[PDB]
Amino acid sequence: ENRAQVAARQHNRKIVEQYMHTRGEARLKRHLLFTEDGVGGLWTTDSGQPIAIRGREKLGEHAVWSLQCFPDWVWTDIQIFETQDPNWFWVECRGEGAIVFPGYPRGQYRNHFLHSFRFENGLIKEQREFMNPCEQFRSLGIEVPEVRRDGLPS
């Protein structure tokens, strides 16, 4: 059993590395790292609900939009964490690039990210990314509310 778990973790780690280093036109094929029913998306948004992309085919379609809205995106400072589950990895990283959202001025977006990767039969079953949406608001020129801190320790 341990030999099967070690083998799974070593293989899955390679897929995480491949995912995090996928850049440029290769992003059009990143959905091939998922199971057919795999899910990916952004779990931290202004609405409080994830923006989840369901299915390898929808993931491929999203990559088209991704390359338009984030045309030179790179992940940096990548740290991959294996876990006691050979099929579950976490990644801490930063990400940066131009942001070209419909109806907003072109901007530069930089943020800190956590990624969750869960695997099934050698491919990604669920990818989730977590960030602070306030930094994306800033990149789009959107005003960020400020919690008043006068009454708080400083």
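In this text, residue numbers run from 1 along the sequence as written.
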{"query": "Segment of higher mean CA temperature factor, 8-16 or 129-137", "finding": "8-16"}
{"query": "49-57 or 108-116, whichever carries the higher mean Cα B-factor", "finding": "49-57"}
{"query": "Highest-ranked of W43, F34, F101, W65 once sorted by CA temperature factor in the record", "finding": "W65"}
{"query": "Entry-reported Cα temperature factor of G97, expressed as the chain third it lands in", "finding": "middle"}
